[PDB]
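A.B. asks: A single structure is presented below for examination.
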Amino acid sequence: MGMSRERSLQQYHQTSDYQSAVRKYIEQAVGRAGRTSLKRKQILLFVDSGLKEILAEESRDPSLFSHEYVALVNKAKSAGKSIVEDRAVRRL
Amino acid sequence: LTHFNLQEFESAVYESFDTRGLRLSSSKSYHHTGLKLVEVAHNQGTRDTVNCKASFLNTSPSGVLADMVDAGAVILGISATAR
Amino acid sequence: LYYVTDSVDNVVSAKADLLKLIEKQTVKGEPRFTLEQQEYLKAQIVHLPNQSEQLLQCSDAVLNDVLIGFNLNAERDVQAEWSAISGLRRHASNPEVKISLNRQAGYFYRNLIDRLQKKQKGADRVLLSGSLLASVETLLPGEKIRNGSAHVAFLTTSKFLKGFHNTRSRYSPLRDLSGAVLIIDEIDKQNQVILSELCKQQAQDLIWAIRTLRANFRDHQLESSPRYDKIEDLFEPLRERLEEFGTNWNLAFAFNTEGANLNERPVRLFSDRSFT
Amino acid sequence: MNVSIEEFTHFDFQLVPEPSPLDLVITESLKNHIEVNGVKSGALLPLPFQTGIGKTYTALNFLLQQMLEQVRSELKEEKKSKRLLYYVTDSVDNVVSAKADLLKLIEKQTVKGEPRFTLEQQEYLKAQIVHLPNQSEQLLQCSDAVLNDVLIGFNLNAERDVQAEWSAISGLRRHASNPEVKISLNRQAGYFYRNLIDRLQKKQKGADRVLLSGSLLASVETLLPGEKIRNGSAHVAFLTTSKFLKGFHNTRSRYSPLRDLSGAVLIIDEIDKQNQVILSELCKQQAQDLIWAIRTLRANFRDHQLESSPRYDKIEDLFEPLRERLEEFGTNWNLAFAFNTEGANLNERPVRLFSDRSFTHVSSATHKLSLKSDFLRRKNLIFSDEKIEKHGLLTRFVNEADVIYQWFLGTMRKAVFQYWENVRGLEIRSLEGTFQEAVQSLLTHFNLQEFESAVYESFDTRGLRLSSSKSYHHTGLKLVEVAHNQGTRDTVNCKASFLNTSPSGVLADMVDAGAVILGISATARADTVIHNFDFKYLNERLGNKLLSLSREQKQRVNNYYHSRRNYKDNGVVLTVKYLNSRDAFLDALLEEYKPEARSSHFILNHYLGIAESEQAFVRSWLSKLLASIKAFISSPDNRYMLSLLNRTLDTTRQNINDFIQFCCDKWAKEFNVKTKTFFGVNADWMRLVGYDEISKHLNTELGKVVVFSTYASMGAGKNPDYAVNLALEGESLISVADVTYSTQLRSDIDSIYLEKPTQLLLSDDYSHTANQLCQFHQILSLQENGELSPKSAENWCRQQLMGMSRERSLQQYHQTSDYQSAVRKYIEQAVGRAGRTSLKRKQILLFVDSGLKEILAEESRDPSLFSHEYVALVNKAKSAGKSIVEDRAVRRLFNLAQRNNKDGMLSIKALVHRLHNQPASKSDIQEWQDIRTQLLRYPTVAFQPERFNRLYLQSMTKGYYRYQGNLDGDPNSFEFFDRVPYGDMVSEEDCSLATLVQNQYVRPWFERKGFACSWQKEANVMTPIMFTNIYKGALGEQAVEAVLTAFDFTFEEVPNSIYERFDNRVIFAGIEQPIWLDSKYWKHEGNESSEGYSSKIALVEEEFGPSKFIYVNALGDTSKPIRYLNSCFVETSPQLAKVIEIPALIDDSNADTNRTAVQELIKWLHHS
DNA sequence: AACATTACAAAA
DNA sequence: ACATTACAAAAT
């Protein structure tokens, strides 16, 4: 019918694919900023609070995550756990 | 194409062999069937005939990658968010 | 061997770093490769940019050599375009000139390579050796791949999907991927790059196409030479299907619409081809 | 705000300036055309107005008068469309200058001393004139504001593809450096204009059509000058010939003037040159693959149908015969298979075939090429039979395919016209408004969209169209190349290039479409078909539509020219000299140039850079040129010399220049006169410092000037005059007119040297195919006019197809009188373009290459309109007495007799072959019967025929002639008239018509049928082929039919299965078995075999069983016995014979019927 | 009443 | 063995 981009985005935001894409963008952003070996005493990360509920849903193996991404995920998860629908069951 | 007098399909055929010359059959998946969008509208310059202009996607990017792997190519994809 | 990534800058930088690695690699403290071995290794690596940048990086001497060696120096339509582009080149002002220079470079490269391929396909095929071979390999990096001088190619994803020219035709890597090795940098973005390439295909008029196929497959036949052995049997079911379909839908008539609301807006149909 | 038409209300349209005799010459001639013919008929008026007499002023005054007539009609008719006016010439510079002079004429015209037009009237008049340049120059003259307004108003400002291109071009515009940038800028302007106008037209065609008004309308009219013509704001257009032929764009489509020429007026400057210009476009057409085209037409016309709506009424019947022909052709040639070649020599070289489409066919193959369908291989193979099989030839297949393709294009034109008629009927809008929609609808109903372009160009060159008239000028030629397809080595294609008409045919089409054409040129009626239109063909085709000046009008023009160029009464003398080559003279200056050298040949070979082979040629060119220059330097009063050569003296021959320069200096020192030289004065030089330097030097320095140029460099609008400074010139100047020191004081060239023009055959550098078509067109035009015999033309065509050199083509051309006419045309133009002013020297020196003396001495036209210099040249040449030359008229008569005989010879054979092909057609029977009827009714005609022109030849005698040739052999070996004093004679007596008509039975039949009983003593008489193969047979058949009908016999029409095998079928007394008849006019040996007669009889009985066969001789001795023969033509008993032979029906001594023979025939019929 | 943008590659 | 050149327009 020819709807608008805002309505397509609203349709997309109801999927867990959207959250995975958000976390992918955050991971790339924090990874493209640690390219050297000389580090300051303190590294400050400031995050839009709307990302917190998303980043608390990271569940993959952190064996290959960067240090900044692990710090972000731990800080988000520090607020406890939130009730979410399992991706596998809904996909089933 | 010259034996069949079908030279006007030449370009089309070439493009097909670009996107489907890379090709376990009755498996069903959007990634190797694609989609089709058809517009039925009046022909240019004449107001009493119509045409059916169709745009196709015969495969998805994942289908293209699977085709390259199945064609014998060894692919090393390097990315931190590769999976 | 292919090194593929999305950006041109990453391709150029990766080739530069490979050359640096060849130059400066050491084992146990001694240099790994001698100067001759380094030169031989560097000779096997080729870079395939878009056609405009391919033309603009060739000197006027190389292009004059190519034109003289293929007897295109007297065509007028070719010499006028090349003279105009050389004049633009010697007057490279602010990018206002550069955009036009790039566009004309692309068009001239298309025309020149088309004529060169046509000349090489015929019986009066030019023999390539020495300075002419060097000039052609400078103008056509794919000729190095075709001859066997080089086997490593640095290119972008879109260039890989479209292919590159040599003296004979346009070579498509996708049709010759048996045994090749691909190193794809930033692989997850190649999904979007490939999708953008796939969504650019030309639309087809289905009524015209089916009518043409039905009209031409009704009578026309292949020759029964050994080159066409068992090829005619591949098309018989298609001929039967076409004849039955044309009988069913009355393809002798042309198509039209009538009624309300069918004129203001064209009809749009979407199909996933299975159940949507 | 723009002026309106309501301003001319108080203007008086009867007050005109005093008209010059040239204006009367135009208007008086054009009025009698409206009287004799109608107001809707076109005309062609060639006006021999020489340059400098005021021809541009006259043409522009006529154009302004037409503009005023249009304004007056609009005021009185207070909505008819405006009458279009076109000013067409070859050069862009001439177009721009003519428009500038028209605007100046509007601004500065006065009547009785008061200004003719007010400021607002002047603005309104200037608003009606438009100029149409090429698309690149059209774009580059629009400001960025206009283009931004156009893009914004059509919502193209956000498209990326358009905006990137426009940004690139705008960036290029500001950085306009040396032409290295300008060439690319022009190319990009052309491409961007293509894309932008295409998008604008697409957007205007759809429902979302932008409304144009105010600033957007002004911007669009600035970008698209044709939109002004389409709206009706303007109706006068200045454009070039090529632009006129191609057309121009408006907001809807590309407008083609050729399709809308009804009522338009064309002013064509330098008309005779346009013959060449038009040919160029005609030679640029795209080649067509005939195999692909015919296969596509056959596949798509087999099933696809048009809709039966009222818009398509009676259009399908236009295409039904083409469908039947296509299906029959496809079965005949097995178009289900693809084509290929095999054999020796068929691979190294492609096959080339040339056809004039009537009687000139040439093949590049040494042996006849055959075409065979191999069903086992499923292929169509082209063979070379190393051993006549009429069926199965490549030439037959190619000719039939070409015929079918052209038939399809013509039927598409007819269908477009019918669609326009139906649409006009329904929606009650010109032929141009429905042309594209009709083409699209027809091609999409038939699924034949790939022919779209092929249709459009055709309607350009054949939509401009007294039918059975035969002439090369409206049939054209065809060049076919059979060669392997690209990329595949087992199929071939047949690429064909066509010329469907000649430039003369195009001009005749424009005149017949309702256009009034004024062609202005001093050499407008030259006697060349190579460098001018064919005016014999134009006269034949147009009749009184081709206007001309009477003797009194010509004398008025001559008096006006003499009054403005009075030489004799003002003491101006023209001294003409003819220069021969002098070897010792050149040797002297050669030795003085390099005194250290041993011989002059060493100097030419080493110092001048002349190769030893060409030295002699140079020694003829140089020794003449210098001989003029010296004679110019020793002349005291002369200042300005122009040397017209064939080759440019640029830096490529720099060394030669030095030698000439040296000589000049020496001669200057020998005569104490300063001399300046201008070498290499060509078109590129004029684009640089632009001939104003020579004028300034003549105006400011007291020395002689010698300019070295060529014929090609001196164009129509070059104007080589300088501003006179009376201090530098003495008393040598003379005024030859009566004008009171009009504006500036200017003089012209005073001394001239003329070389013999050389490369007088046209050529095309666009491509190899275009040049081939140009050469073939020239050969065929020379054959059509009669300058070549058919044998010479066929040999020349064969050599051209083999690929000869230009020198051999020139040698072929030099043997014609067309060559001499072209030479004299070039000389006349050269001397006419050098007398453009009225201030003349005491003496005017003309130096002429002596090789021209023999040519110019053959001038024979009326010198009433020649210039003074040309008359002086002709008189000087003729001063050597008269030379014996062959008359052009009689030689053309011989050549045309041979041409007509050959054309009839081949046409009769083709028609008979088509007749002996069962099933036959109906147009073929009609053609055969019409030919016989025309010959019977008009054996000789007084006027030149129009519908059957190739059945007759023009003889020197009246009603009879002599010939000597083999009527069954080679048509190229026939001789006619006094060349064969003792030969076969064609007249009324050799056909024994007078003795035949004396009989009491044939004569009433001839009167009631209208057949001539005698031959009028006329100049047009039938060719020998028609006298022997057609006329005598018709006489015998008619005599036999009348004699038998007098005895109560009935005759019925033979059916097509046995046509031309037997003339008639006989019914008498109701005998239920069929009876077949054969008649021979007089006694002749039965060259057809008895086995052939038996074959015919068996063929007849195969379809009709037993019957009767009669072989009767119309005229002969009636005492001979009546014969009975069997099926084997052996004499047998009357009780079992099947063939009855009658030796004579009417006796040849007293014209008495053999009634006994008729009675015996009746008894024979009673015995069966 | 949702959501809220930049960037690029091959050109024909 | 002939004969013996330059110039134009519309561009696709």
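Residue names in the structure tokens use chain letters A, B, ... in the order shown, residue numbers from 1 in each chain, and ligand numbers from 1 in the order shown.
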Based on DSSP run over this structure's backbone, return all residues of range 5-57 of chain A in alpha helix (DSSP H), as a PyMOL selection string.
C.D. replies: chain A and resi 5-12+16-31+52-55
A.B. asks: Name the residues in contact with residue 4 in chain F at a cut-off of 9 Å, using only C-alpha atoms (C1' of nucleotides), excluding same-chain residues fewer than 5 positions from it; report them as a VMD selection string.
C.D. replies: chain D and resid 614 617 758 to 759 807
A.B. asks: Taking 4 positions as the minimum chain separation for residues in the same chain, which residues sit within 9 Å of residue 30 in chain B when counting only C-alpha atoms (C1' of nucleotides)? Answer as a PyMOL selection string.
C.D. replies: (chain B and resi 34-35+59-60+63) or (chain C and resi 272-274)
A.B. asks: Using only C-alpha atoms, find which residues of chain B lie within 12 Å of chain D and jot them down as an NGL selection string.
C.D. replies: :B and (1-8 or 42-51)
A.B. asks: Suppose we keep N, CA, C and O atoms; can you now write the selection as a compact mmCIF listing (two decimals), in the first residue's frame?
C.D. replies:
# COMPACT_ATOMS: atom_id res chain seq x y z
N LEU B 1 20.74 -18.52 -29.01
CA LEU B 1 19.75 -17.47 -29.18
C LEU B 1 19.54 -17.11 -30.64
O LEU B 1 18.45 -16.67 -31.01
N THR B 2 20.56 -17.27 -31.49
CA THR B 2 20.35 -17.00 -32.90
C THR B 2 19.72 -18.17 -33.64
O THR B 2 19.09 -17.96 -34.68
N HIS B 3 19.87 -19.40 -33.14
CA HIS B 3 19.12 -20.50 -33.75
C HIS B 3 17.63 -20.38 -33.46
O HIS B 3 16.80 -20.72 -34.31
N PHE B 4 17.28 -19.89 -32.28
CA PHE B 4 15.89 -19.76 -31.87
C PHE B 4 15.29 -18.40 -32.19
O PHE B 4 14.11 -18.19 -31.94
N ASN B 5 16.09 -17.47 -32.75
CA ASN B 5 15.62 -16.13 -33.09
C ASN B 5 15.19 -15.37 -31.84
O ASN B 5 14.22 -14.60 -31.86
N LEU B 6 15.91 -15.57 -30.75
CA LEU B 6 15.58 -15.00 -29.44
C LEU B 6 16.69 -14.10 -28.93
O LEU B 6 16.97 -14.05 -27.74
N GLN B 7 17.31 -13.34 -29.83
CA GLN B 7 18.46 -12.52 -29.47
C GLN B 7 18.12 -11.43 -28.46
O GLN B 7 19.00 -11.01 -27.70
N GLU B 8 16.87 -10.98 -28.42
CA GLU B 8 16.47 -9.90 -27.53
C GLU B 8 16.52 -10.29 -26.06
O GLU B 8 16.48 -9.40 -25.20
N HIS B 42 -0.79 0.72 -17.90
CA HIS B 42 -0.94 0.99 -19.33
C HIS B 42 0.41 1.20 -20.00
O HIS B 42 1.35 1.75 -19.41
N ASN B 43 0.51 0.74 -21.24
CA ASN B 43 1.74 0.88 -22.01
C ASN B 43 2.00 2.34 -22.33
O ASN B 43 1.10 3.18 -22.33
N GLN B 44 3.27 2.65 -22.59
CA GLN B 44 3.66 4.02 -22.87
C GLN B 44 3.23 4.41 -24.28
O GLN B 44 3.53 3.71 -25.25
N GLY B 45 2.51 5.52 -24.38
CA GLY B 45 2.08 6.05 -25.66
C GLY B 45 0.76 5.53 -26.16
O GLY B 45 0.16 6.14 -27.05
N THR B 46 0.27 4.41 -25.62
CA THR B 46 -1.00 3.84 -26.03
C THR B 46 -1.89 3.68 -24.80
O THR B 46 -1.41 3.30 -23.73
N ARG B 47 -3.18 3.98 -24.97
CA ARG B 47 -4.13 3.98 -23.86
C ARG B 47 -5.11 2.82 -23.92
O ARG B 47 -6.16 2.86 -23.27
N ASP B 48 -4.79 1.77 -24.68
CA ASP B 48 -5.68 0.62 -24.79
C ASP B 48 -4.96 -0.71 -24.61
O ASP B 48 -5.56 -1.76 -24.87
N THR B 49 -3.70 -0.70 -24.19
CA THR B 49 -2.98 -1.91 -23.84
C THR B 49 -2.25 -1.70 -22.52
O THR B 49 -1.95 -0.57 -22.13
N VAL B 50 -1.98 -2.81 -21.83
CA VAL B 50 -1.26 -2.78 -20.57
C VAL B 50 -0.06 -3.70 -20.67
O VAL B 50 0.02 -4.58 -21.53
N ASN B 51 0.90 -3.48 -19.78
CA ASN B 51 2.03 -4.36 -19.57
C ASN B 51 2.11 -4.76 -18.11
O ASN B 51 1.54 -4.12 -17.22
A.B. asks: Pick out the residues sitting within 9 Å of residue 2 in chain F, and hand them over as a PyMOL selection string; count only C-alpha atoms (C1' of nucleotides), and ignore anything fewer than 5 positions along from it in its own chain.
C.D. replies: chain D and resi 807-808+810-811
A.B. asks: How close does chain A get to chain B? List, as a tab-separated table, each residue of chain A within 10 Å, its nearest atom pair and the distance in Å to one decimal, counting only C-alpha atoms.
C.D. replies:
residue	atom	partner	partner_atom	distance
A:23	CA	B:81	CA	9.8
A:24	CA	B:81	CA	6.6
A:25	CA	B:81	CA	9.1
A:27	CA	B:81	CA	7.7
A:28	CA	B:81	CA	7.3
A:31	CA	B:80	CA	8.3
A:64	CA	B:80	CA	8.6
A:65	CA	B:80	CA	8.6
A:66	CA	B:80	CA	9.4
A.B. asks: How would the residues just picked look written out with N, CA, C and O atoms as a short mmCIF file (atom, residue, chain, number, x, y, z; two decimals), in the first residue's frame?
C.D. replies:
data_model
loop_
_atom_site.label_atom_id
_atom_site.label_comp_id
_atom_site.auth_asym_id
_atom_site.auth_seq_id
_atom_site.Cartn_x
_atom_site.Cartn_y
_atom_site.Cartn_z
N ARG A 23 22.66 -4.37 19.58
CA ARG A 23 23.85 -4.83 20.28
C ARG A 23 25.03 -4.99 19.34
O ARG A 23 26.18 -4.74 19.73
N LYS A 24 24.78 -5.40 18.09
CA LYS A 24 25.85 -5.47 17.10
C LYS A 24 26.46 -4.10 16.84
O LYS A 24 27.69 -3.96 16.78
N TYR A 25 25.62 -3.08 16.69
CA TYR A 25 26.12 -1.73 16.48
C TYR A 25 26.94 -1.25 17.68
O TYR A 25 28.00 -0.64 17.52
N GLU A 27 28.55 -3.11 19.86
CA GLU A 27 29.79 -3.87 19.91
C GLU A 27 30.81 -3.35 18.91
O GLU A 27 31.99 -3.18 19.24
N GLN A 28 30.38 -3.07 17.68
CA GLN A 28 31.29 -2.51 16.69
C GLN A 28 31.80 -1.14 17.12
O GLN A 28 32.98 -0.82 16.95
N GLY A 31 34.35 -1.56 19.79
CA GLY A 31 35.52 -2.25 19.29
C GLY A 31 36.41 -1.39 18.42
O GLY A 31 37.63 -1.57 18.44
N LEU A 64 34.82 -14.11 23.75
CA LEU A 64 35.46 -13.32 22.70
C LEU A 64 34.96 -11.88 22.66
O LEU A 64 35.21 -11.18 21.67
N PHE A 65 34.26 -11.41 23.69
CA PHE A 65 33.85 -10.02 23.75
C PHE A 65 35.03 -9.15 24.16
O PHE A 65 35.93 -9.58 24.88
N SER A 66 35.01 -7.90 23.69
CA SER A 66 36.03 -6.95 24.11
C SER A 66 35.78 -6.52 25.55
O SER A 66 34.72 -6.78 26.14
#
A.B. asks: Tell me the residues of chain D close to chain F, meaning within 9 Å using only C-alpha atoms (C1' of nucleotides), as number ranges by chain.
C.D. replies: D: 90-92, 134-136, 187, 190-191, 194, 240-243, 246, 277, 614, 617, 646-648, 682-683, 710-713, 758-759, 806-808, 810-811
A.B. asks: Please, could you write that set of residues out with N, CA and C atoms as a compact mmCIF listing (two decimals), in the first residue's frame?
C.D. replies:
# COMPACT_ATOMS: atom_id res chain seq x y z
N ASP D 90 22.88 25.46 -45.59
CA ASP D 90 23.77 24.40 -45.14
C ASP D 90 24.53 24.79 -43.88
N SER D 91 25.01 26.02 -43.80
CA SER D 91 25.92 26.45 -42.75
C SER D 91 25.17 27.10 -41.59
N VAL D 92 25.70 26.91 -40.38
CA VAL D 92 25.14 27.57 -39.20
C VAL D 92 25.38 29.07 -39.25
N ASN D 134 21.73 23.21 -32.91
CA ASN D 134 21.86 21.87 -32.39
C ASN D 134 21.70 21.87 -30.87
N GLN D 135 21.46 20.69 -30.32
CA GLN D 135 21.04 20.58 -28.92
C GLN D 135 22.11 21.05 -27.95
N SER D 136 23.38 20.78 -28.24
CA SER D 136 24.46 21.24 -27.37
C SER D 136 24.50 22.76 -27.29
N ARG D 187 30.04 17.98 -25.79
CA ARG D 187 29.54 16.61 -25.76
C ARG D 187 28.61 16.38 -24.57
N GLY D 190 25.23 17.98 -25.14
CA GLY D 190 24.36 17.18 -25.99
C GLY D 190 23.71 16.03 -25.25
N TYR D 191 24.51 15.28 -24.48
CA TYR D 191 23.95 14.14 -23.76
C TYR D 191 22.95 14.58 -22.69
N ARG D 194 19.69 15.53 -24.32
CA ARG D 194 18.96 14.29 -24.55
C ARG D 194 18.17 13.87 -23.32
N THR D 240 19.28 24.90 -40.14
CA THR D 240 20.13 24.27 -41.14
C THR D 240 19.39 23.13 -41.83
N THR D 241 19.96 22.66 -42.94
CA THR D 241 19.35 21.57 -43.69
C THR D 241 19.32 20.29 -42.87
N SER D 242 20.42 19.97 -42.19
CA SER D 242 20.46 18.76 -41.38
C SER D 242 19.50 18.85 -40.20
N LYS D 243 19.41 20.03 -39.57
CA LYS D 243 18.44 20.22 -38.50
C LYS D 243 17.02 20.10 -39.01
N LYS D 246 16.34 16.38 -39.51
CA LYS D 246 16.21 15.63 -38.26
C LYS D 246 14.97 16.03 -37.47
N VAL D 277 24.13 17.65 -49.31
CA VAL D 277 23.88 17.63 -47.87
C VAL D 277 22.84 16.58 -47.52
N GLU D 614 56.24 12.13 -57.83
CA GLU D 614 55.26 13.19 -57.96
C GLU D 614 55.85 14.49 -58.50
N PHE D 617 54.19 16.23 -61.49
CA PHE D 617 52.92 16.85 -61.16
C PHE D 617 53.14 18.22 -60.52
N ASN D 646 43.65 23.55 -55.20
CA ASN D 646 42.95 22.38 -54.70
C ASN D 646 43.48 21.90 -53.36
N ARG D 647 44.73 22.21 -53.03
CA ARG D 647 45.37 21.76 -51.81
C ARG D 647 45.73 22.96 -50.95
N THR D 648 45.58 22.81 -49.63
CA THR D 648 45.93 23.86 -48.69
C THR D 648 47.44 23.97 -48.58
N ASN D 682 42.67 28.79 -44.67
CA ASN D 682 41.63 27.78 -44.69
C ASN D 682 40.60 28.09 -43.60
N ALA D 683 39.65 27.16 -43.42
CA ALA D 683 38.56 27.39 -42.48
C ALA D 683 39.07 27.51 -41.05
N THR D 710 41.76 27.67 -51.13
CA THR D 710 41.23 26.60 -51.96
C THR D 710 39.77 26.88 -52.28
N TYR D 711 39.23 26.09 -53.21
CA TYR D 711 37.81 26.19 -53.54
C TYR D 711 36.94 25.86 -52.33
N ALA D 712 37.32 24.83 -51.57
CA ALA D 712 36.54 24.42 -50.42
C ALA D 712 36.58 25.46 -49.30
N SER D 713 37.65 26.25 -49.23
CA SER D 713 37.78 27.22 -48.15
C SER D 713 36.89 28.44 -48.38
N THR D 758 39.58 19.27 -58.92
CA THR D 758 40.02 17.89 -59.13
C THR D 758 39.06 16.85 -58.56
N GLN D 759 38.81 16.86 -57.25
CA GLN D 759 38.15 15.73 -56.60
C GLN D 759 36.64 15.91 -56.66
N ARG D 806 40.02 5.38 -55.34
CA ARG D 806 39.37 6.64 -55.71
C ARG D 806 39.85 7.15 -57.06
N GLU D 807 41.12 6.92 -57.40
CA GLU D 807 41.64 7.38 -58.68
C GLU D 807 40.93 6.71 -59.85
N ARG D 808 40.61 5.42 -59.72
CA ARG D 808 39.88 4.72 -60.77
C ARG D 808 38.44 5.20 -60.88
N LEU D 810 37.51 8.26 -60.18
CA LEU D 810 37.64 9.56 -60.83
C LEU D 810 37.87 9.40 -62.32
N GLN D 811 38.67 8.41 -62.72
CA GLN D 811 38.88 8.16 -64.14
C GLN D 811 37.58 7.74 -64.82
A.B. asks: Kindly provide, as a list in words, the residues of chain C having any atom no farther than 7 Å from an atom of chain D, counting only C-alpha atoms.
C.D. replies: residues 84, 87, 88, 96, 97, 99, 100, 208, 215, 216, 219, 220, 221, 223, 224, 225, 252, 253 and 254 of chain C
A.B. asks: Go ahead and write the residues just picked, N, CA, C and O atoms, as a CSV table (one decimal), in the first residue's frame.
C.D. replies:
chain,number,residue,atom,x,y,z
C,84,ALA,N,39.5,14.9,-26.0
C,84,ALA,CA,38.8,15.6,-25.0
C,84,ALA,C,39.2,15.2,-23.6
C,84,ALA,O,39.3,16.1,-22.7
C,87,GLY,N,42.6,16.5,-22.8
C,87,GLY,CA,42.5,18.0,-22.5
C,87,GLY,C,41.9,18.2,-21.1
C,87,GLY,O,42.4,19.1,-20.4
C,88,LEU,N,40.9,17.5,-20.7
C,88,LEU,CA,40.4,17.6,-19.3
C,88,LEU,C,41.4,17.2,-18.3
C,88,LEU,O,41.5,17.8,-17.2
C,96,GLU,N,34.8,20.4,-9.7
C,96,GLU,CA,33.8,20.7,-10.7
C,96,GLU,C,34.3,20.2,-12.1
C,96,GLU,O,33.4,19.8,-12.9
C,97,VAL,N,35.6,20.1,-12.3
C,97,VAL,CA,36.1,19.5,-13.5
C,97,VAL,C,36.2,17.9,-13.3
C,97,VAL,O,36.0,17.2,-14.2
C,99,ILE,N,34.4,15.7,-11.6
C,99,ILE,CA,33.2,14.8,-11.8
C,99,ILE,C,33.0,14.5,-13.3
C,99,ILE,O,32.8,13.4,-13.6
C,100,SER,N,33.1,15.5,-14.1
C,100,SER,CA,32.9,15.3,-15.5
C,100,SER,C,34.1,14.5,-16.1
C,100,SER,O,33.8,13.6,-16.9
C,208,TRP,N,5.0,-9.4,-22.9
C,208,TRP,CA,5.9,-9.4,-24.1
C,208,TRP,C,6.8,-10.6,-24.1
C,208,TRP,O,7.0,-11.2,-25.2
C,215,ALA,N,5.8,-17.3,-29.7
C,215,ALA,CA,5.9,-17.1,-31.1
C,215,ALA,C,7.1,-17.7,-31.7
C,215,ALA,O,7.1,-18.3,-32.8
C,216,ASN,N,8.3,-17.7,-31.0
C,216,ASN,CA,9.5,-18.1,-31.6
C,216,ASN,C,9.8,-19.6,-31.3
C,216,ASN,O,10.6,-20.2,-32.0
C,219,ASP,N,8.1,-22.8,-34.0
C,219,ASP,CA,8.6,-23.4,-35.2
C,219,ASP,C,10.1,-23.5,-35.3
C,219,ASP,O,10.6,-24.5,-35.8
C,220,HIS,N,10.9,-22.6,-34.7
C,220,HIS,CA,12.3,-22.5,-34.9
C,220,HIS,C,13.0,-23.7,-34.3
C,220,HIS,O,12.6,-24.2,-33.2
C,221,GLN,N,14.1,-24.2,-34.9
C,221,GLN,CA,14.7,-25.4,-34.5
C,221,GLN,C,16.2,-25.2,-34.5
C,221,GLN,O,16.8,-24.3,-35.1
C,223,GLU,N,20.1,-26.7,-35.1
C,223,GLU,CA,20.8,-27.6,-36.0
C,223,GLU,C,21.1,-28.9,-35.3
C,223,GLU,O,21.4,-29.0,-34.1
C,224,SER,N,21.2,-30.0,-36.1
C,224,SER,CA,21.5,-31.3,-35.6
C,224,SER,C,22.9,-31.7,-35.7
C,224,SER,O,23.3,-32.9,-35.9
C,225,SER,N,23.8,-30.7,-35.6
C,225,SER,CA,25.3,-31.0,-35.6
C,225,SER,C,25.7,-31.6,-34.2
C,225,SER,O,24.9,-31.6,-33.2
C,252,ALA,N,-3.0,-14.8,-28.4
C,252,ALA,CA,-3.1,-14.2,-29.6
C,252,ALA,C,-3.6,-12.7,-29.5
C,252,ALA,O,-3.4,-11.9,-30.4
C,253,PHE,N,-4.4,-12.4,-28.4
C,253,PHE,CA,-4.9,-11.1,-28.1
C,253,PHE,C,-3.9,-10.4,-27.2
C,253,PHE,O,-3.2,-11.0,-26.4
C,254,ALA,N,-4.0,-9.0,-27.3
C,254,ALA,CA,-3.3,-8.2,-26.3
C,254,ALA,C,-4.2,-8.0,-25.1
C,254,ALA,O,-5.4,-8.3,-25.1
A.B. asks: As a list in words, please: the residues near residue 47 in chain A (cut-off 12 Å, only C-alpha atoms (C1' of nucleotides), same-chain neighbours under 2 positions excluded).
C.D. replies: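 Non-adjacent residues within range: residues 26, 29, 30, 44, 45, 49, 50, 51, 52, 53, 54, 55, 68, 69, 71, 72, 73, 75 and 76 of chain A.
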A.B. asks: Tell me as a ChimeraX atom specification which residues belonging to chain A come within 10 Å of chain E, counting only C-alpha atoms (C1' of nucleotides).
C.D. replies: /A:4-11
